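Colleague: Here is the input, now give the coordinates:
(chains A, B, C, D, E, F and G)
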Amino acid sequence: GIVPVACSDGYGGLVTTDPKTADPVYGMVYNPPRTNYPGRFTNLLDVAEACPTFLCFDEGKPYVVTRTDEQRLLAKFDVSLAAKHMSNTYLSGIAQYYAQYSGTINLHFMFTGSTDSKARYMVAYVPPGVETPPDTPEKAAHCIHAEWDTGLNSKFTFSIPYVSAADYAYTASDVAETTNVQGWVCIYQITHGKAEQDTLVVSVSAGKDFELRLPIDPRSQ
Amino acid sequence: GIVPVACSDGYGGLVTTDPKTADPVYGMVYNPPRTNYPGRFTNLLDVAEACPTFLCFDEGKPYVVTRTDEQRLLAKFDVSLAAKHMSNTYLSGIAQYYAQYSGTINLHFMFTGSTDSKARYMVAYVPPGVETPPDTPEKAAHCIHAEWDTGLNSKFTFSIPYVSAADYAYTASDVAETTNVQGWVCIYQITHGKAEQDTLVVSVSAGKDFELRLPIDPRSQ
Amino acid sequence: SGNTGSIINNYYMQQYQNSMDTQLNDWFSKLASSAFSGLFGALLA
Amino acid sequence: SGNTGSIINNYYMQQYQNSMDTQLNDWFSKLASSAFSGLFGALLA
Amino acid sequence: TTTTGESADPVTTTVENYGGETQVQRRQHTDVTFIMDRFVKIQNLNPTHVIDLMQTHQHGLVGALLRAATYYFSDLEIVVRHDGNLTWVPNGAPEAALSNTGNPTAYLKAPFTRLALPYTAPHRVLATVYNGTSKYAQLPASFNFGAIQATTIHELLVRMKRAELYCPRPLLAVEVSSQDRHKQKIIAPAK
Amino acid sequence: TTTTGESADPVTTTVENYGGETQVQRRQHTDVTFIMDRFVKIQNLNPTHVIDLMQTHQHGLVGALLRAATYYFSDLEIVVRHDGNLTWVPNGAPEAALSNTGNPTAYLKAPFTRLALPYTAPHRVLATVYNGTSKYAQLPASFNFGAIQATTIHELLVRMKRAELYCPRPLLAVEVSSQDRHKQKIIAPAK
Amino acid sequence: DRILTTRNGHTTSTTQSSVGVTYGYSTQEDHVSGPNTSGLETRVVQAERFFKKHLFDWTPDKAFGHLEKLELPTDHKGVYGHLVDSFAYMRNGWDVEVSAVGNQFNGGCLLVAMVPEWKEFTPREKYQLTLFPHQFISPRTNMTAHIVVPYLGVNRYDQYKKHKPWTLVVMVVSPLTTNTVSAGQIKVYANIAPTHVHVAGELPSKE
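Modeller: Numbers count the residues shown, from 1 in each chain, chains lettered A, B, ... in the order given. Provided below are the atomic coordinates:
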């Protein structure tokens, strides 16, 4: 006799993400060598950590600037990978293909003023729980925040912390959510000295524990 | 119970080059012995290396000849397994069944003149990069080349080197390529003495590192 | 390697299942690992 | 042997799968290996 | 963290700077080989079709990630729904060869044919962009994985195996006009 | 390299003569057993058909390579698409035997029948050319792999197993009139 | 140490306002002797030296995104240029210095990047040019950017008359600002040296 088998209903159909391999048909192909080809990346997040890309502020500028030397909110944006301000970043370009994330997002601030222009800035992370973001540095001081001034080192980096009820958050934003589920980042100018036409360039990168999970194919095709 | 299996969609069809074997139906057949039958070849390139076959020049002659004792281009041909001049060779007969090759192609020159006829020849490999092949030995001298004269040894062999951008080259030639992708071989007569009716027979064989890969069945059937 | 999870070997030899690489390196991993962290200067914590 | 790449043995015995050879050699390999290379004469390199 | 921004040296600050604690991360889903290893549609088909990964959709998961690399290498699997027998020829073959049985030819077996194919280009890696010409914009004709032919080709899926990507390039999310966030309907239970 | 051409001794010069370096070569694809080991069509069919490899097409990959050898040996696999049951008889059988079930007979099972057959000729090797007569041009009638019969034979593919070839003979590419190169459409990506 | 001297052949460049050297994609070259040149390639050190090119004038009116590019190799009238005409195949990396001399009273910022296989970037893609090997030039900090890249490409050797693997890109990130004590515009120049120059396949003479 031979081996009896049960061909099982519900199994065997092709699934586009299945973990099996096809049968081969053309063997013994040896490839040209590509030993040590430069610029290889094996994980998207290595690239996302190492290469910050620019945020987008009013009028498509990767920077904020202010002409008054008074304290002011220079920018406010949703802590969301779907935020308008993050829409041209590499981090958001990658995140659209995953349903969830957790971990740190790093913001980078680079001052480009002349040597005779000085300023003092503040960045605050405002968690969900208030109706509108604080409009002054004084109200925002009660949040997790950092203040810094300009000098020899033109760059300051700050980690936006992952603080949420659930262990993961959605990368996309739903039509029903009015105020952002993950809070806001507010950037203020405390004051400046002769910095009217000078700018602060802002970029973003993935933090050490930033993580994306659950691959999805969401764009209109 | 018995073993449950998933008969998988997309598998099981016959593929003409599959790596499996059919079920047998007529066993125990012993063959007449054929121990040490002569003339066996196990790789086509052993034959192609050991047995040079003739090139084809104007009017279907396996040789070039010249009546003037002046320096002249005796022949120019494309370094292509699809070249007119190579069309009756065993090397091209084999190469038509593979999509790609790399490695050395060897040219053989055999002088058949009488004892009182002498000549000096030159062969040059002209890589791609110039519009037309050089018409004189002087212009071609700047290329990889060899010069030799006739004497007791009637045969001279020269390796056409594989020099290209990619690691493999196509054996066939496309309708769109005007000047040959791999360059040209130019054969010149530097001068001769009383060699007006005497000929130089040319043949070709595979070099030590010549290689053909990716079997194809291209002829009209 | 990749998105495959059969506990059992492949019925076919590797020379058939895939092309074979020949020889004659993760740049971004090195780049990311090399990033500066911490501060710069003097801390008063 | 040839164009086959199953990692696993054949379910059938060889006496059934193929004919069996009896006894009572690669000429072209020898011929090609025996070819002269290099030059002839005296080199001034 | 404070630094010289102009040097462009990577800097990765952490929440420890203000008293937080960096967590564990598991990045298997953003591993390159893993993410490219799934079937995607090719879409613009003909009975004679040259397999070119650049025909994947530019915003699809695989097509977008592929375009976010300059050079790549991979083996391939294809699923083809076709009428008649399907023949495949390697990179470099004369188009005429597609008519012959001596080339890998799969006899029709419903519902479609799935095959594993090796990389067959003459180059050590392929590119998604090529700044120059190949003749003696577009990509050189030699950037392909062979060609297939059947009486009719209804559908074609490709899957990159053991993919390698080199030299990252821009990858864009949808542009946002909302002024705050791109919002869309996320799946949620009925009633 | 300089030599006596008349002796016809093999001579294989290398690029080292002028300062180059000979590379590594991988010749698996030109291995004889490997290259002959694939299915090809037979084409001129009848309900009663004697299996003769010389009925392969003379320019097909297998047919041309077979004709480029004088003697050969191999076992065989066949794929037959037929109506009715298929019977096979070995080399030497009376044609009448094709009507009986006691000879290997395959009962129809869609879409076709695939079988492994042994070499059954009375000679130690077969030949592709035979300079003489066999009766007391053509090849002796004993040069065959048996015969098959079915109500209708729609298609027949043969595959040489563990092939051995002896004494090479001419193998020709297409003749060229272009005066420079035979040019043809090589596969290239669309648009 | 802000003072750097770079030497390429019998040419040197010294800068007192540098922020270091950025290496792109690798700190060494792939193998220069592969199967495609059959051991016939050779190195030409006489070509490994600095040549110069003016890129553009950075003026206050150029806005964010303004991009200037230089495909390499470019027209070269020296030894390197003769190689392009005398050999069929070549390969080399690049040692690139870009300078933008104004004074410290100017403000603004330029992105200097080396891009493999150039293609015209859309405005949205410009926000991600930092994915490529780069440095910034910002008058308050430096006047010089310095990037070193290896040869790369689908082919181990190239025909530069048909393909240019690398493109030097300079993009305005933040516009140039001026004062009564600043420069009014900044002329941007490139000081470039080909590295590890190898050629193969000598061509016939044109006459």
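Colleague: Give me the helices and strands touching the longest helix anywhere in chain C, please.
Modeller: With DSSP state H setting the assignment, residue counts place helix C:27-33 as the longest helix in chain C. Helix C:27-33 makes packing contacts with strand A:40-41, helix A:44-50 when contacts are defined by 3 or more CB pairs under 8 Å, 6 or more residues apart in numbering or on different chains; DSSP states H and E. In short, each C-beta sits where N, CA and C put it, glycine included.
Colleague: Summarise which helices and strands the first one is packed against.
Modeller: Under the contact criterion of 3+ CB pairs under 8 Å, 6+ apart, strand A:40-41 touches helix C:27-33, strand E:152-168.
Colleague: May I have the strands that pair with it, each with its orientation?
Modeller: strand E:152-168 (antiparallel) (DSSP bridges).
Colleague: Beyond the strand it pairs with, next helix or strand please.
Modeller: Towards the C-terminus, the helix or strand next in line after strand E:152-168, according to DSSP states H and E, is strand E:183-184.
Colleague: So residue A:106 sits against residue E:12, correct?
Modeller: Yes: with contacts defined as CB atoms under 8 Å, residue A:106 counts as touching residue E:12 at a distance of 6.5 Å.
Colleague: list residues touching both of those two?
Modeller: For the pair residue A:106 and residue E:12, residues contacting each of them under the criterion CB atoms under 8 Å, 6 or more residues apart in numbering or on different chains are A:157, A:205, A:207.
Colleague: Run a quick check on the first one versus residue A:108, I expect a contact.
Modeller: Yes: using CB under 8 Å, residue A:157 is in contact with residue A:108, at 4.9 Å.
Colleague: Please identify which of these two sits among more neighbours.
Modeller: Here residue A:157 and residue A:108 are compared on neighbour count by other CB atoms under 10 Å in any protein chain shown; more neighbours surround residue A:157, at 27 against 22.
Colleague: Does that one belong to a helix, a strand or coil?
Modeller: Reducing the assignment to helix, strand or coil with DSSP: H, G, I helix; E, B strand; the rest coil, the entry for residue A:157 is strand.
Colleague: and the gap between it and residue A:103?
Modeller: When distances are taken as CB to CB, to the nearest Å, residue A:157 and residue A:103 turn out to be 16 Å apart.
Colleague: from what I can see, residue G:92 looks like it's in a helix, true?
Modeller: No: according to three-state DSSP, residue G:92 belongs to no helix; its state is strand.
Colleague: For it, give its distance to residue F:127.
Modeller: Counting by CB to CB, the separation of residue G:92 from residue F:127 is 58 Å.
Colleague: Around chain A, which positions in chain G sit nearby?
Modeller: When proximity is defined by CB under 8 Å from any CB of the partner chain, chain G lies next to chain A at G:24-26, G:30-31, G:34-35, G:64-65, G:104-109, G:116, G:123-124, G:127-128, G:130-131, G:136, G:138-141, G:150, G:152, G:173-174, G:177, G:179, G:181-182.
Colleague: Residue 23: neighbour count?
Modeller: No chain specified, so I'll use chain A. With neighbours defined by other CB under 10 Å, the count for residue A:23 comes to 22.
Colleague: oops, I was thinking of chain E
Modeller: As a burial measure, the neighbour count of residue E:23 was computed by other CB under 10 Å and equals 16.
Colleague: Report the secondary structure state of it.
Modeller: On the three-state scheme (three-state DSSP), residue E:23 is labelled coil.
Colleague: just checking, it touches residue A:207?
Modeller: No: when contacts are counted by CB under 8 Å, residue E:23 is not listed as touching residue A:207 (9.8 Å).
Colleague: who touches both of those two?
Modeller: Residues touching both residue E:23 and residue A:207 (CB under 8 Å, 6+ apart) are residue A:103.
Colleague: ok so, going back, need the overlap of contacts for residue A:157 and residue A:108.
Modeller: Taking CB under 8 Å, 6+ apart as the contact rule, the neighbours common to residue A:157 and residue A:108 are residue E:11.
Colleague: Who are the contact partners of the residue nearest to residue G:113 when sequence neighbours are not counted?
Modeller: Once its chain neighbours are removed from consideration, residue G:113 has its nearest residue in residue G:134; the separation is 3.9 Å (CB to CB, 6 or more residues apart in numbering or on different chains). Neighbouring residues of residue G:134 by CB under 8 Å, 6+ apart: E:8, G:22, G:111-114, G:145, G:147.
Colleague: Mind picking the one among those that's closest to chain B?
Modeller: In terms of CB to the nearest CB, no member of these lies closer to chain B than residue G:114, at 21.5 Å.
Colleague: Show me what the host helix or strand of that closest one packs onto, helices and strands only.
Modeller: Assigned by DSSP H and E, residue G:114 falls within strand G:107-116. Strand G:107-116 is packed against strand A:199-206, strand G:87-100, strand G:134-137, strand G:144-149, strand G:166-177, with contacts defined by 3+ CB pairs under 8 Å, 6+ apart.
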